[PDB]
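Source file data-v5.csv; content: CSV, C-alpha atoms.
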```
chain,number,residue,atom,x,y,z
L,1,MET,CA,123.3,121.2,216.0
L,2,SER,CA,125.6,124.2,214.9
L,3,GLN,CA,128.6,122.9,216.9
L,4,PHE,CA,129.2,120.2,214.3
L,5,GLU,CA,129.4,122.9,211.5
L,6,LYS,CA,132.1,125.0,213.4
L,7,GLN,CA,134.1,121.9,214.4
L,8,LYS,CA,134.6,120.9,210.7
L,9,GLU,CA,135.8,124.5,210.0
L,10,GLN,CA,138.3,124.0,212.9
L,11,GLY,CA,139.4,120.8,211.0
L,12,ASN,CA,140.0,122.7,207.7
L,13,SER,CA,141.8,125.5,209.6
L,14,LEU,CA,144.1,123.0,211.4
L,15,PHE,CA,145.1,121.5,207.9
L,16,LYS,CA,145.8,125.2,207.0
L,17,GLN,CA,148.5,125.3,209.8
L,18,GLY,CA,149.9,121.7,209.5
L,19,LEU,CA,148.2,120.1,212.6
L,20,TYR,CA,147.0,117.2,210.5
L,21,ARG,CA,146.5,114.7,213.4
L,22,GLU,CA,144.3,117.3,215.3
L,23,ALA,CA,142.6,118.0,212.0
L,24,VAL,CA,141.9,114.2,211.6
L,25,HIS,CA,140.7,114.2,215.2
L,26,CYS,CA,138.0,116.7,214.0
L,27,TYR,CA,136.7,114.4,211.2
L,28,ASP,CA,137.1,111.4,213.6
L,29,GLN,CA,134.7,113.2,216.1
L,30,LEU,CA,132.0,113.3,213.3
L,31,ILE,CA,132.3,109.5,212.7
L,32,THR,CA,132.6,108.9,216.5
L,33,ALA,CA,129.1,110.5,217.0
L,34,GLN,CA,127.6,109.4,213.6
L,35,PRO,CA,129.2,106.1,212.7
L,36,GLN,CA,127.0,105.2,209.7
L,37,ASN,CA,126.2,108.7,208.3
L,38,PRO,CA,127.7,109.7,204.9
L,39,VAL,CA,128.4,113.2,206.4
L,40,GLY,CA,131.4,111.7,208.3
L,41,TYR,CA,132.7,110.1,205.0
L,42,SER,CA,132.3,113.5,203.2
L,43,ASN,CA,134.4,115.1,205.9
L,44,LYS,CA,137.1,112.2,205.6
L,45,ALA,CA,137.1,112.9,201.8
L,46,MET,CA,137.6,116.6,202.6
L,47,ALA,CA,140.5,115.7,205.0
L,48,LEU,CA,142.1,113.5,202.3
L,49,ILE,CA,142.2,116.5,199.8
L,50,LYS,CA,143.5,118.7,202.7
L,51,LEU,CA,146.4,116.1,203.3
L,52,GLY,CA,147.2,115.8,199.6
L,53,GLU,CA,145.9,112.2,199.1
L,54,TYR,CA,143.4,113.1,196.3
L,55,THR,CA,143.8,109.6,194.8
L,56,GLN,CA,141.9,108.3,197.9
L,57,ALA,CA,139.3,111.1,197.7
L,58,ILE,CA,138.2,110.3,194.1
L,59,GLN,CA,137.5,106.7,195.2
L,60,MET,CA,135.9,107.8,198.6
L,61,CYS,CA,133.4,110.1,196.7
L,62,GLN,CA,132.2,107.1,194.7
L,63,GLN,CA,131.9,105.1,198.0
L,64,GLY,CA,129.8,108.0,199.5
L,65,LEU,CA,127.5,108.3,196.4
L,66,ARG,CA,126.3,104.7,197.5
L,67,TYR,CA,124.6,106.5,200.4
L,68,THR,CA,122.0,108.6,198.4
L,69,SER,CA,118.9,106.5,197.5
L,70,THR,CA,116.2,108.5,199.5
L,71,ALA,CA,114.8,112.1,200.0
L,72,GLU,CA,116.8,112.2,203.3
L,73,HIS,CA,120.1,112.1,201.2
L,74,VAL,CA,119.5,114.3,198.1
L,75,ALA,CA,122.0,116.8,199.7
L,76,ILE,CA,124.6,114.0,200.1
L,77,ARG,CA,124.2,113.2,196.4
L,78,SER,CA,125.3,116.8,195.5
L,79,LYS,CA,127.8,116.9,198.3
L,80,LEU,CA,129.9,113.9,197.1
L,81,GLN,CA,129.6,115.0,193.3
L,82,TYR,CA,131.1,118.5,194.0
L,83,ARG,CA,133.7,116.8,196.4
L,84,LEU,CA,134.7,114.6,193.5
L,85,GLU,CA,135.0,117.6,191.1
L,86,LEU,CA,137.0,119.6,193.7
L,87,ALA,CA,139.3,116.7,194.5
L,88,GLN,CA,140.1,116.7,190.8
L,89,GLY,CA,140.1,120.5,191.1
L,90,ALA,CA,142.7,120.8,193.9
L,91,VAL,CA,145.0,118.3,192.2
L,92,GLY,CA,144.4,119.3,188.5
L,93,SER,CA,144.4,123.2,188.7
L,94,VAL,CA,147.6,125.2,188.1
L,95,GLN,CA,146.0,128.8,188.0
L,96,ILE,CA,148.0,129.9,184.8
L,97,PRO,CA,145.5,130.8,182.0
L,98,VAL,CA,148.5,131.4,179.5
L,99,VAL,CA,146.5,134.3,177.9
L,100,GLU,CA,145.5,137.9,178.7
L,101,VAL,CA,146.2,139.6,182.2
L,102,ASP,CA,142.9,138.9,184.1
L,103,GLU,CA,144.5,136.9,187.0
L,104,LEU,CA,147.8,135.1,186.4
L,105,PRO,CA,150.5,133.9,188.8
L,106,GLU,CA,152.7,136.8,190.2
L,107,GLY,CA,154.8,138.5,187.6
L,108,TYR,CA,154.5,136.4,184.3
L,109,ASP,CA,153.2,139.2,181.8
L,110,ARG,CA,153.0,142.5,183.8
L,111,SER,CA,156.7,143.4,184.5
B,1,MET,CA,125.2,121.6,198.6
B,2,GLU,CA,128.6,122.7,199.9
B,3,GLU,CA,130.6,121.6,203.0
B,4,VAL,CA,134.1,123.1,203.9
B,5,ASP,CA,136.4,125.1,201.5
```

Please lay out the structure from this file as structure tokens.
Amino acid sequence: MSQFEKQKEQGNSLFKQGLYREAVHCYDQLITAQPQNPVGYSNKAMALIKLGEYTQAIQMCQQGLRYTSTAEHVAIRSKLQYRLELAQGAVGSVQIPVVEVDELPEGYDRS
Amino acid sequence: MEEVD
């Protein structure tokens, strides 16, 4: 079933150009073929953090943790808990450590 | 378990 793994990478790549409605069409394919699987909601939560609506993604990750009760869905249980951390990650990070010279934004303390 | 960057 590897086509459904490269079609979600096409979705992320389309959000990386600005083709947001074709990128949404790629998550919508997953829920079109799998209407009741939490995989499709995990890819909608991905699309929301790739369209800058992280306030929806922090709620939708809680909604997807409600799809975890069996040994069929232990991967889903990890998948929405890292999606929740990385929604808060993508909104809350600023990449400035304000100390040393290990990474930094460009310039800052090496000019 | 990770899915999309």

Got a sec to pull out which chain L residues are within 10 Å of chain B, counting only C-alpha atoms, and send them as JSON, numbers by chain? {"L": [5, 6, 8, 9, 10, 11, 12, 13, 39, 42, 43, 46, 47, 50, 74, 75, 76, 77, 78, 79, 80, 81, 82, 83, 86]}

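Checking L:55, L:68, L:29, L:37 one by one against residue 92 (chain L), counting all atoms listed in the file, you find the shortest gap at L:55.
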
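CA of residue 41 (chain L) to CA of residue 94 (chain L) spans 27.1 Å [interatomic distance, one decimal].
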
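If you measure from each of L:56, L:36, L:7, L:95 to residue 23 (chain L) using all atoms listed in the file, the closest one turns out to be L:7.
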
What's the separation between CA of residue 91 (chain L) and CA of residue 49 (chain L), in Å to one decimal place? 8.3 Å

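We find CA of residue 24 (chain L) and CA of residue 44 (chain L) to be spaced 7.9 Å apart.
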
Name the residues in contact with residue 110 (chain L) at a cut-off of 10 Å, using all atoms listed in the file, excluding same-chain residues fewer than 4 positions from it; report them as a PyMOL selection string. chain L and resi 101+104+106

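Among the candidates L:111, L:38, L:30, L:22, the one nearest to residue 72 (chain L) when counting all atoms listed in the file is L:38.
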
File for chain B (N, CA, C and O atoms), as a short mmCIF file (atom, residue, chain, number, x, y, z; two decimals), in the first residue's frame:
```cif
data_model
loop_
_atom_site.label_atom_id
_atom_site.label_comp_id
_atom_site.auth_asym_id
_atom_site.auth_seq_id
_atom_site.Cartn_x
_atom_site.Cartn_y
_atom_site.Cartn_z
N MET B 1 6.27 6.78 16.57
CA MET B 1 5.71 6.51 15.24
C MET B 1 5.45 7.83 14.54
O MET B 1 4.61 8.60 14.99
N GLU B 2 6.19 8.10 13.46
CA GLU B 2 6.17 9.40 12.77
C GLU B 2 5.50 9.30 11.39
O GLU B 2 5.56 8.28 10.71
N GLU B 3 4.87 10.40 10.97
CA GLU B 3 4.15 10.53 9.71
C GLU B 3 4.22 11.99 9.25
O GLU B 3 3.53 12.84 9.82
N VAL B 4 4.98 12.26 8.19
CA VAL B 4 5.12 13.56 7.52
C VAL B 4 5.79 14.67 8.37
O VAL B 4 5.48 14.88 9.55
N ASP B 5 6.75 15.37 7.78
CA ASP B 5 7.72 16.26 8.44
C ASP B 5 7.15 17.63 8.83
O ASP B 5 7.19 17.96 10.04
#
```
